[PDB]
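Peer 1:
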Amino acid sequence: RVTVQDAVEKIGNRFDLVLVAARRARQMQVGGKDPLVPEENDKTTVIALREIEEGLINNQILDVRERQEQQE
Amino acid sequence: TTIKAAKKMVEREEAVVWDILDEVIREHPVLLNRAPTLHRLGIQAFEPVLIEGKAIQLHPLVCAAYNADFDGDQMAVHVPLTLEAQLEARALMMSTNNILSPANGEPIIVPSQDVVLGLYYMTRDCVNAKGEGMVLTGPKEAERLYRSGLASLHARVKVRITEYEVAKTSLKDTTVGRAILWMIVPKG
Amino acid sequence: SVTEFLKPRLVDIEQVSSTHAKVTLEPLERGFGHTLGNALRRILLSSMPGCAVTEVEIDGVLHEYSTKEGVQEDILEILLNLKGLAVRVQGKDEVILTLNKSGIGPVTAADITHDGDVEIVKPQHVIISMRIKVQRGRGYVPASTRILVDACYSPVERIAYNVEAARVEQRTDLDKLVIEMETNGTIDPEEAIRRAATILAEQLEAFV
Amino acid sequence: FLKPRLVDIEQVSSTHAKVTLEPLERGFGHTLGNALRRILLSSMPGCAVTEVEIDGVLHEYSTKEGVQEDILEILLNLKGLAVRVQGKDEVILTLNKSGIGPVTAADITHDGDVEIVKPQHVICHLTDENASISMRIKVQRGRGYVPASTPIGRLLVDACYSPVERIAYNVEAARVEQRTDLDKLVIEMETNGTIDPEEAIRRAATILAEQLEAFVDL
Amino acid sequence: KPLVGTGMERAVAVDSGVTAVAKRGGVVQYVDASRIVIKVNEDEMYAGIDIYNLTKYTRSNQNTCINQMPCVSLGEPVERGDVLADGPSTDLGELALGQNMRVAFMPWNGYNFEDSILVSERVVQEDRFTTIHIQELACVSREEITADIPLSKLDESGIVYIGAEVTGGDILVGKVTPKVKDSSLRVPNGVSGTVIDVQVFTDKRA
Amino acid sequence: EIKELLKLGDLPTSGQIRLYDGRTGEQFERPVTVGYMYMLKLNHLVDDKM
RNA sequence: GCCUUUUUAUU
Ligand SMILES: [Mg+2]
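If you read the protein sequences in the order shown, they are chains U, R, A, X, H and W.
Residue numbers for the first sequence follow the deposited numbering, beginning at 3 and rising by one.
Per the deposited numbering: the second sequence = residues 392 to 556, 564 to 586.
Per the deposited numbering: the third sequence = residues 4 to 130, 140 to 159, 172 to 232.
Per the deposited numbering: the fourth sequence = residues 8 to 157, 167 to 234.
Per the deposited numbering: the fifth sequence = residues 697 to 742, 746 to 841, 848 to 855, 862 to 890, 913 to 935, 942 to 945.
Residue numbers for the sixth sequence follow the deposited numbering, beginning at 1194 and rising by one.
1) Please confirm whether any heavy atom of ligand 1 lies closer than 8 Å to the CB of W/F1221.
2) From H/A837 to W/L1238, what does the alpha carbon distance come to, in whole angstroms?
3) Between the segment 435-445 of chain R and the segment 407-418 of chain R, are three or more C-beta pairs nearer than 8 Å?
4) In this structure, does DSSP put X/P167 in helix, strand or coil?
5) Which residue or residues does DSSP assign as beta-bridge partners of W/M1230?
6) Smallest Cα separation from R/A494: which of R/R481, R/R431, R/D464 and R/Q504?
7) Mind pulling the chain R residues with CB within less than 9 Å of A/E181?
8) Is the beta carbon of X/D96 within less than 8 Å of some heavy atom of ligand 1?
9) Between the segment 531-545 of chain R and the segment 500-520 of chain R, can you find at least three pairs of beta-carbon atoms closer than 8 Å?
10) Do A/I183 and A/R44 have their CB atoms nearer than 9 Å?
11) Could you name each continuous alpha helix (DSSP H) segment of 4 residues or more that falls completely within the segment 452-527 of chain R, going from the start of the chain to the end?
12) Closer than 9 Å, Cβ to Cβ, to anything on chain R: give me those residues from the segment 811-822 of chain H, in chain order.
13) Give a yes or no on whether the minimum CB-CB distance between W/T1217 and chain X is below 9 Å.
14) To the nearest angstrom, report how far apart H/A718 and H/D711 are at their CA atoms.
15) CB-CB under 8 Å to A/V121, same chain, minus the five flanking residues each way: which ones, in chain order?
16) Quick check: the Cα distance between U/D18 and R/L422, rounded to an integer number of angstroms?
17) Counting only Cβ pairs nearer than 8 Å, list the residues of chain H close to R/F461.
18) At 9 Å on the CB atoms, spell out the chain X contacts of A/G34, in chain order.
19) Less than 9 Å between CB atoms is the rule here; does W/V1239 satisfy it with respect to chain R?
20) Is the segment 787-796 of chain H in contact with the segment 128-143 of chain X, if contact means three or more CB pairs nearer than 8 Å?
21) So what does X/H132 bridge to, in DSSP terms?
22) Would a check of beta-carbon distances place X/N137 closer than 9 Å to chain W?
23) Around the Cβ of H/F812, are there at least 16 other Cβ atoms within 10 angstroms (buried) or fewer (exposed)?
24) For U/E55, which of helix, strand or coil comes out of DSSP?
25) Leaving aside the five residues before and after W/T1226 along the sequence, list all residues of the same chain whose C-beta is less than 6 Å from its C-beta, in chain order.
26) If you reduce the DSSP assignment to three classes, tell me which class R/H419 lands in.
27) Going by CA-CA distance only, name the one from X/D174, X/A230 and X/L201 that's closest to X/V59.
28) Is it the case that the Cβ atoms of H/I732 and H/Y751 are separated by a distance below 9 Å?
29) Quick one: is the Cβ of R/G463 within less than 8 Å of any heavy atom of ligand 1?
30) Which runs of the alpha helix (DSSP H) fall wholly inside the segment 72-117 of chain A and span at least 4 residues, in chain order?
31) Using alpha carbons as the reference points, say which of A/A190, A/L102 and A/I115 lies closest to A/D199.
32) Under 6 Å Cβ to Cβ from A/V110, same chain only, skipping five residues before and after it: list those, please.
33) Considering only C-alpha positions, which residue in the set A/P30, A/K71, A/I115 and A/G119 is nearest to A/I61?
34) So, A/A155 versus X/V232, is the Cβ gap smaller than 9 Å?
35) Let me check one thing: in DSSP terms, what residues is R/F437 bridge-paired to?
36) State buried or exposed for H/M768, treating a residue as buried only when at least 16 other CB atoms are found within 10 Å of its CB.
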């Protein structure tokens, strides 16, 4: 998007933000994973950051979503 | 749905190639890179749009960050391919979050020559100007005051402004050119 | 071939408020997006009819430097807020307006009287036996040449145009004209550019 | 709210022309004067050379035996050539110039619809008596400006579809007629001569009024 | 010509060898862009007349055009020190490195944050700054000249003829190896234009 | 000597003259210095340096 | 299909 200052206040560290957004982008590319955000015509780079703008995607709650996919 | 006929579609340059292209480059980060990088700000990412002419339109606000004027300097450009490298360009290498310099507390985004010159001609005080000593309802009315041409850009008037930190209002001595700035600055 | 030109689709028509609006005309011809925005800019600021106050008459106040007693308002603020009044009249051109207030309290545009066809669409902003005259005017007049207030005759407050590149899959560097505007609310901002369209069209019926 | 009329057209020559726009209101003379100035330079129907096909020489750089001016500067004189067509957008013109003497624009054979308003325009100069030149001048009608990039012997040139060259407008004082806020606007047009200066303001106002119909749609 | 220059500007053209300088003065008889002849006067002659073959649109060292245009008319007498034909970027003996444009030292809505130039469409229209770049595409044939690959730009000889409007990415000179695989050269993208002349030297093009 | 040369032509003695804007149509409050300054195109072109 | 020197030129 325009700026990333709203997504960095939810996680803190900037390099932890790239790790959680890359794993969110891998699920949106190969294994489906339709996002909870309203889908627009932008690419998956902005969708990986728009989910952290309100705080529905974090580095702690993405690992429990990977284990939820492994149980199914 | 192949690799052989897709090369023929690119080299033919028909109408359907550019509509595919603007979807890819709508929000793709692209690293603009000077060939001498003696500073950290020599590599900055951008979200480009498709234009005519084979030259890159490097932003003037980051022109002082590159420490390189538009003197005909030929310099590189780079893209990240994968999505874990594109997020490195948007969260770290973008020109939006590169405001402050790593060297000092002053920002590296400093208006150097022309945009500061347009700001300096507005923020000035002149006597015997067109429309000297008139009231204005707000800062947005100064755009109406200047574009019609009945008043000068620099005239000692009293404009109403709304300052924030919650909103306070006072009638202070403010010229016509400084009243253009109040619609530009944020609230706080 | 020479008479056919690009017509905009008028897709992005958004309004952040009832007064402020940002429209987008895309696509346009190269070199046309600046001249279609600048000509309709000066029409809305200098060549359009409107309604505003003309003269202020306060009891005991004949100069611009005075102080009112009994109310929590000054002279320099009482003619400034009245300049940006969202006043509109359609039946007659010149109309008078009165204001009656008693006691200690704030004055606004809600408790005032209409006195006929005068309509007030913004009663929330802050503005005694004060009589003012509201007449029809074109554009904007100053208070320096009238030698007793400047009249904000045009209903719009600010209009700026920006032009970016547009793509029509056959040509390049075409103009994409956006227009941000904010008015007093007497007319609609979608109708404000439409009113400037009929003003410019009435000047071209003798040529066409 | 006053309709301007073309009440007077003063032309000192076929190149430079001046029209009058009266009556206009105050604040609208700079508005309508700038809006008509931009569109006249943006897109107007002008006739210029698009493709040149010369017998003998194939491409646009090889010099021809029997001429004095270089063949790349011949195309510059063809770009300065002012022609006017009436009913057909594609026309074919020929030189068939033989003998001594400079090649002028009046030597070009024109049809009933094709008219050259600048007969004193010199294309090139011929210094050889027995050598002669003959080209196929192809003139298209369009607007704006197109490059030469966008038929081996048919060499491609760039076409300049701008019938005007410079537009001069200024706001002057008009007569009163018992009304204030009234000013005079004149427009001086130094044209190539293809379009009528009375019709130059009229056709630029048609495409201005057609672009304002989308402003009625919003 | 430069609208503002120096008195040295008339001396660079008459001292350069790429600009045609007449060895003997006199009137002219046949002025062409290919060659100019000068009728030598009775005092300048020793007979006959001299000839001056003007290099028209030849390749320079930096892949740039060099062409010699005449500056005198028919029947124009010249002296020994005069110029009969201006060279590349020259007119009438004055060195014209560029063109005098109406320069306004002012910014316009951007485009002048640094010392870059905002140019008119009139400059693009009247060819006031468009130049010619003549690139060389040499063909080392160690390798037959026939273009039998396993087009319209060839004259059935494998060599492109004079005046073909080539495009970046087509075959220019056919060169096959005796084996049959195609390993010839092509034109790169972005330099699409016409050919001046194809110099074949050591078979129909030769 | 240049200001004396400006008195010969129809344009005034001052080096900067007032003129209108292209996309706006308004006369500048500060006159700019127009003129026929000699400019030249270099060898570094974008068709070869891209 | 390249590589290395040398020269010119650019920041
Ligand atoms: Mg530099």
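Think of the CB as a built atom: it goes at the ideal place given N, C-alpha and C, for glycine as much as any other residue.
Peer 2: In short:
1) Checking the Cβ of W/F1221 against ligand 1 gives no.
2) Cα-Cα distance, rounded: 22 Å.
3) As far as the Cβ criterion goes, the segment 435-445 of chain R touches the segment 407-418 of chain R, which means the pair count is three or higher.
4) Coil, per DSSP.
5) For W/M1230, the beta-bridge partners assigned by DSSP are H/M800.
6) Nearest option by C-alpha distance: R/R431.
7) Going along chain R in sequence order, the residues near A/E181 (Cβ under 9 Å) are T528, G529, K531, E532, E534 and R535.
8) No, the beta carbon of X/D96 sits no closer than 8 Å to any heavy atom of ligand 1.
9) By the Cβ rule, the segment 500-520 of chain R counts as touching the segment 531-545 of chain R, because three or more pairs are nearer than 8 Å.
10) Yes. Within cutoff.
11) Counting whole runs of 4 or more residues, the segment 452-527 of chain R contains the alpha helix (DSSP H) stretches 454-457, 474-482 and 506-513.
12) Flagged, chain order: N811, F812, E813, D814 and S815.
13) By this cut-off, W/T1217 is an interface position.
14) Our two residues, H/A718 and H/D711, have alpha carbons roughly 11 Å apart in a direct line.
15) Result list for A/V121: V90, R91, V92, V98, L100 and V146, in chain order.
16) U/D18 and R/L422: Cα-Cα distance of roughly 21 Å.
17) Ordered by position in chain H, the residues that pass the 8 Å Cβ test against R/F461 are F812, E813, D814 and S815.
18) Residues of chain X passing the Cβ test: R45, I46, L48, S49, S50 and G151.
19) Chain R has a Cβ within less than 9 Å of the Cβ of W/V1239.
20) No, because fewer than three Cβ pairs between the segment 787-796 of chain H and the segment 128-143 of chain X fall closer than 8 Å, the two stretches do not touch.
21) Answer is X/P109.
22) No, its Cβ sits nowhere closer than 9 Å to a Cβ of chain W.
23) So H/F812 counts as buried.
24) For U/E55, the three-state secondary structure derived from DSSP is helix.
25) Spatial neighbours of W/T1226 in its own chain (CB-CB distance under 6 Å, excluding positions within 5 residues in sequence) are listed in chain order as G1208 and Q1209.
26) R/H419: coil per DSSP, three-state reduction.
27) Ranking the options by Cα distance to X/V59, first place goes to X/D174.
28) Contact flag set, yes.
29) At least one heavy atom of ligand 1 is found less than 8 Å from the C-beta of R/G463.
30) The segment 72-117 of chain A is shown to contain whole alpha helix (DSSP H) runs of 4 or more residues at 78-81 and 83-86, in chain order.
31) If we check each option's Cα against that of A/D199, A/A190 comes out closest.
32) Short of 6 Å from the beta carbon of A/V110, and not among the five residues preceding or following it, lie these beta carbons of its own chain, in chain order: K104 and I130.
33) If we check each option's Cα against that of A/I61, A/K71 comes out closest.
34) No. Outside cutoff.
35) The partner list for R/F437 (beta bridge, DSSP) reads R/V421.
36) The residue in question, H/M768, is buried, as its Cβ has 16 or more Cβ neighbours within 10 Å.
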